[PDB]
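Inside the fold
Listed below, chain by chain, are the residues.
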Protein chains: 4
Amino acid sequence: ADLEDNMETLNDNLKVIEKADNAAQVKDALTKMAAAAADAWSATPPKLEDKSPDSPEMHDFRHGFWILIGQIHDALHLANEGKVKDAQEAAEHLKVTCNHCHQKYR
Amino acid sequence: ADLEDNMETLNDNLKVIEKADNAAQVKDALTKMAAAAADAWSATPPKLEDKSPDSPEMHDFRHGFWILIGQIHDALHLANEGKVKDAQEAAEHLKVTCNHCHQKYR
Amino acid sequence: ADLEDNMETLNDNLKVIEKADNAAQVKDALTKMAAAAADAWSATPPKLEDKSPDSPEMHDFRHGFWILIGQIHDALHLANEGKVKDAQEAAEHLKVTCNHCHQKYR
Amino acid sequence: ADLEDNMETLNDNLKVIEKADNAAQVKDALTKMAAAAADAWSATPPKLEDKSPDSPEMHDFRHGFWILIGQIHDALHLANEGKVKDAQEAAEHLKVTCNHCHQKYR
Ligand code: HEC
Ligand code: HEC
Ligand code: HEC
Ligand code: HEC
Ligand SMILES: [Cl-]
Ligand SMILES: [Cl-]
Ligand SMILES: [Cl-]
Ligand SMILES: [Cl-]
Ligand SMILES: [Zn+2]
Ligand SMILES: [Zn+2]
Ligand SMILES: [Zn+2]
Ligand SMILES: [Zn+2]
Ligand SMILES: [Zn+2]
Ligand SMILES: [Zn+2]
Ligand SMILES: [Zn+2]
Ligand SMILES: [Zn+2]
Ligand SMILES: [Zn+2]
Ligand SMILES: [Zn+2]
Ligand SMILES: [Zn+2]
Ligand SMILES: [Zn+2]
């Protein structure tokens, strides 16, 4: 998937985690988000199209995906332990990550 | 790229880091490992091909890549602070994560 | 030190980081927050004093400090690389973790 | 507890996690290790007794406790999900952390 496709996947599944009425729905959405974040690792965003992939600026870009991927990891452990309220509380943590990368690079 | 190709990138760069003398050599190798681990995320390995995509086995397979990505994240911070020997030692911690996933799924 | 004293150190240093101009101010504040979070680890908060020490509530109380310590770890790496604005933004992510634990246990 | 007391606690509970015949024994030992690691945060080791607590060398010392505390966090999520074999596999990850700090600072 390109960056825009992975972003729609993150957006749809974040909404699911906000509306989830059960653990299985949250677990399924977090697994799709993990796959979209991992796949977005390789992308060059438009604002950085004229920087080499080995540049410090691209390092600072990708750093936000480490944070998101880390937060999804924890949210899935919380969802697996039956903590349905907590797992959703993930949504507040993920949103801050979404916003920081968008503010710097979108 | 395919799972065996990402494993060759992980193996080759782990050896670059062992034999490295400076932070720029360690940084470049870890950047390539981060990209290979991220790219291997959605791979299905041969020994799990007849399992459900949401089998506990496929969950546990992907959990290994969360561990590896987390460790590469920390090693690149140490390399970025010019801590060459610490970054090299951190890359040595990766081997436990290599071995745990191989023991179960290779 | 006691839990309220560590909370005053976290609150005061979070504000130092917001108003900071340079990396040394951000580094010193985050070092104090790391020590306060670590010291608060084994505290029992007033609203959980009649629960088992291994109640899910006390497990969930300590999980919050794991999240906070992880975030302070990453913020100090960014401050150590001289990324003043990123470190300050990272300190802003702490507020979600502040709020989640307060919502349940303060 | 002083550093030596927290270290005996880490050592006794690591052995428990190596010998555990059930999840509850592993969970109890990981909780004691988390408390000992958090409490060891504030300590100055003998080899660094003549460095100020705000020094870079003490920062590099404490960094090893972030790694250990992070690894215990994950081991407890794995133990909680009923993964008794995996949870123990933690013991291999923790040992590497033990050894790195000891090699540099003991
Ligand atoms: C960087 C590390 C990012 C993180 C983390 C997240 N997003 Fe993102 N997103 C990013 C970029 C560079 C772009 C622009 C891509 C382009 O080619 O233009 C986006 C775009 C979106 C969009 C599209 C809407 C738009 O206004 O362009 C959406 C809906 C979106 N991103 C959602 C999203 C969510 C929900 C995230 C976290 C859960 C998230 N993104 C993280 C860069 C980054
Ligand atoms: C799972 C989560 C894994 C982690 C972490 C690592 N590896 Fe791996 N590796 C894994 C599998 C399932 C396989 C078999 C792939 C197949 O289709 O047969 C491998 C294989 C390798 C190989 C052999 C490659 C080949 O023959 O073409 C190597 C050299 C290898 N892995 C190295 C490696 C290193 C160095 C790792 C950590 C740094 C590592 N792997 C992690 C699964 C997983
Ligand atoms: C639980 C895991 C917590 C996290 C993370 C944070 N705080 Fe906290 N805080 C917590 C409790 C249980 C309490 C009540 C303590 C009591 O005995 O009443 C508090 C209290 C505070 C306060 C009030 C202190 C006082 O009145 O003396 C402040 C100002 C405060 N907390 C700030 C704070 C900040 C800034 C945090 C993140 C950076 C934060 N807390 C995290 C539990 C937890
Ligand atoms: C630094 C970040 C450390 C980590 C992580 C761990 N240990 Fe440690 N340990 C450390 C120091 C500086 C010392 C010496 C303290 C002193 O005053 O002399 C120790 C000591 C021990 C000992 C005592 C035996 C000895 O040879 O001195 C033991 C048994 C021990 N440590 C065990 C231990 C284990 C099991 C750890 C991980 C699970 C571990 N330590 C981590 C510094 C650090
Ligand atoms: Cl972020
Ligand atoms: Cl592993
Ligand atoms: Cl939290
Ligand atoms: Cl370590
Ligand atoms: Zn793609
Ligand atoms: Zn959609
Ligand atoms: Zn957790
Ligand atoms: Zn680190
Ligand atoms: Zn190490
Ligand atoms: Zn492992
Ligand atoms: Zn980081
Ligand atoms: Zn951020
Ligand atoms: Zn939270
Ligand atoms: Zn003590
Ligand atoms: Zn003993
Ligand atoms: Zn995990």
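Criteria and thresholds
Sequence order sets the numbers: each chain starts from 1, possibly unlike the entry numbering, and residues with no coordinates are not included. A letter from A marks each chain and a number from 1 marks each ligand, given out in the order of writing. To get the side-chain values, take all heavy atoms of the structure and skip hydrogens and water. Whether two residues are in contact is decided by their heavy atoms: any pair within 4.5 Å suffices. Accessible area that two parts lose when put together, with a 1.4 Å probe and added across both, is what the buried area reports. For this analysis, a salt bridge means a side-chain nitrogen from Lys or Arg found within 4 Å of a carboxyl oxygen belonging to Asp or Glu. Any pair of nitrogen or oxygen atoms within 3.5 Å is treated as a polar contact; in protein, a donor-acceptor pairing is required on top of that, and neighbouring residues in sequence qualify only through side-chain atoms on both sides. Here a helix means four or more residues in a row that DSSP labels H or I, a strand means two or more in a row labelled E, and each is numbered from the N terminus. Three classes are used, and their members are as follows: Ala, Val, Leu, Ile, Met, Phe, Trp, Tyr, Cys and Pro are nonpolar, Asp, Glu, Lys and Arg are charged, and the others, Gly among them, are polar. Distances up to 2.8 Å from the metal define which N, O and S atoms are donors, and 3.2 Å serves for Na, K and Ca; water is absent from the atom set, so sites may look incomplete. Only four donors with every angle between 85 and 135 degrees are called tetrahedral; only four or six donors with opposite donors over 155 degrees apart and all others between 65 and 115 are called square planar or octahedral, in that order; all others are irregular. For the exposure calls, accessible area comes from a 1.4 Å probe over protein chains only, and a residue counts as buried if that area is under 20% of its type's maximum, exposed if over 50%, partly exposed in between. Here the copies are fitted together by least squares on their C-alpha atoms. A molecule or strand has a residue near it when one of that residue's heavy atoms lies within 4 Å. To estimate how far a helix should reach, multiply one less than its number of residues by 1.5 Å. The axes are straight lines fitted to the C-alpha atoms, using for helices just the contacting stretch, and the angles between their N-to-C directions are given from 0 to 180°. Note on angle classes: values under 35 degrees are labelled roughly parallel, values over 145 roughly antiparallel, values of 65 to 115 roughly perpendicular, and the remainder oblique. Left-handed describes a crossing whose near helix is turned anticlockwise from the far helix by less than a right angle; the clockwise case is right-handed.

Some words on the interface of chain A and chain B
- Counting residues at the interface gives 15 residues for chain A and 16 residues for chain B.
- When the two sides are added together, the surface that chain A and chain B hide from each other amounts to roughly 1400 Å², 72% of it contributed by carbon and sulfur.
- Of all residues in chain A, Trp41(A), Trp66(A) and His73(A) bury the most surface against chain B, accounting for 37% of the area lost on that side.
- Along the contact surface separating chain A from chain B lie zero salt bridges.
- Our enumeration of links across chain A and chain B arrives at five residue pairs in polar contact.
- For the side of chain A that touches chain B, the element with the most residues is helix α3 (residues 56-80) of chain A, which contributes 10 residues.
- For the side of chain A that touches chain B, the residue count by class is nine nonpolar, five polar and one charged.

Things to note about the coordination of the zinc ion (ligand 15)
- Within the protein, the atoms that donate to the zinc ion (ligand 15) are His63(A) (NE2), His73(B) (NE2), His77(B) (NE2) and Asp74(C) (OD), at distances of 1.9 to 2.0 Å.
- Note that the zinc ion (ligand 15) binds four donor atoms; their angles at the metal cover 101 to 121°, and the shape is tetrahedral. On the criterion of chain membership, the pair formed by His63(A) in helix α3 and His73(B) in helix α3 (residues 56-80) is interchain, its members lying in two chains. One exposure class covers both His63(A) and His73(B), and it is buried.

With respect to the relation of the copies chain A and chain B
- When chain A is fitted onto chain B, the two copies agree to an RMSD of 0.7 Å after a turn of 179° and an axial shift of 0.2 Å. Expressed as an axis order, the relation between the two copies is that of a two-fold axis. When C-alpha distances to the rotation axis are compared across chain A, the minimum falls at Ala38(A), with a value of 2.4 Å.
- The residues that chain A uses at the interface reappear at the interface of chain B in 93% of cases, marking a shared surface.

Examining the site of ligand 4
Residue and element names in this part refer to chain D.
- In the vicinity of ligand 4 there are 15 residues, among which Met-7, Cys-98, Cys-101, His-102 and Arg-106 approach most closely.
- Between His-102 and ligand 4, the recorded distance is 2.7 Å, taken from a side-chain N or O atom to a nitrogen atom.
- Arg-106 places a polar side-chain atom, nitrogen or oxygen, 3.4 Å from an oxygen atom of ligand 4.
- Contributing elements (two or more residues each) for the shell around ligand 4: α1 (3-19), α3 (56-80) and α4 (84-105).
- Here the residues of the shell around ligand 4 are counted per class, giving 10 nonpolar, three polar and two charged.

Digging into the site of ligand 3
All names here are of chain C.
- Taken together, 19 residues lie around ligand 3, and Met-7, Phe-61, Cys-98, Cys-101 and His-102 are the ones closest in.
- Within the side chain of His-102, an N or O atom sits 2.7 Å from a nitrogen atom of ligand 3.
- Contributing elements (two or more residues each) for the shell around ligand 3: α1 (3-19), α3 (56-80) and α4 (84-105).
- Tallying contributions element by element places α1 first for the shell around ligand 3, with six residues.
- Here the shell around ligand 3 is built from residues that sort into 13 nonpolar, four polar and two charged.

Considerations on the coordination of the iron atom of ligand 2
Residues and elements named next belong to chain B.
- The protein atoms donating to the iron atom of ligand 2 are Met-7 (SD) and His-102 (NE2), with metal-donor distances spanning 1.9 to 2.3 Å.
- Taken together, the six donor atoms surrounding the iron atom of ligand 2 define angles of 86 to 178° at the centre, an arrangement classified as octahedral. Of the two residues, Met-7 is situated in helix α1 (residues 3-19) and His-102 in helix α4 (residues 84-105); the sequence distance between them amounts to 95 residues.
- Accessibility expressed as a relative area gives 28% for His-102, which makes it partly exposed.

Description of the relation of the copies chain A and chain D
- Take chain A, turn it by 180°, move it 0.0 Å along the axis, and it overlays chain D with an RMSD of 0.0 Å.
- Most of the interface of chain A is mirrored in chain D: 100% of its interface residues are interface residues there too.

So, helix α2 (residues 23-40) of chain A
- Between its terminal C-alpha atoms α2(A) stretches 26 Å, which fits the 26 Å expected from 18 residues at 1.5 Å a residue.
- Among all positions in α2(A), only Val26(A), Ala29(A), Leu30(A), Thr31(A), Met33(A), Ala34(A), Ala36(A), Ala37(A), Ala38(A) and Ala40(A) are buried.
- The elements touched by buried residues of α2(A) are α1 (3-19), α3 and α4 (84-105) of chain A together with α2 (23-39) and α3 of chain B.

A word on the interface of chain A and chain D
- Listed as interface residues are six residues of chain A and, on the opposing side, six residues of chain D.
- Between chain A and chain D, roughly 460 Å² of surface is buried when both sides are summed, and carbon and sulfur atoms account for 48% of that area.
- There are zero salt bridges connecting chain A and chain D.
- The interface formed by chain A and chain D includes eight residue pairs in polar contact.
- Tallied by class, the residues present in the side of chain A that touches chain D amount to one nonpolar, three polar and two charged.

Points about the packing of helix α2 (residues 23-39) of chain C against α3(C)
Residue and element names in this part refer to chain C.
- Closest axis-to-axis distance for the α2/α3 pair is 9 Å, and the angle between their directions is 160°. When the interaxial angle is binned, α2 and α3 end up roughly antiparallel. Regarding α2 and α3, the two cross each other, and that crossing is left-handed. Taken together, the residues of α3 that come into contact with α2 (itself represented by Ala-23, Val-26, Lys-27, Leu-30, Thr-31, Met-33, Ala-34, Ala-37 and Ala-38) are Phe-65, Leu-68, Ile-69, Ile-72, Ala-75, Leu-76, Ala-79 and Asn-80.
- Looking at the contact of α2 with α3 residue by residue, the class counts come to 14 nonpolar, two polar and one charged.

Coordinates in, geometry out; function isn't part of it.
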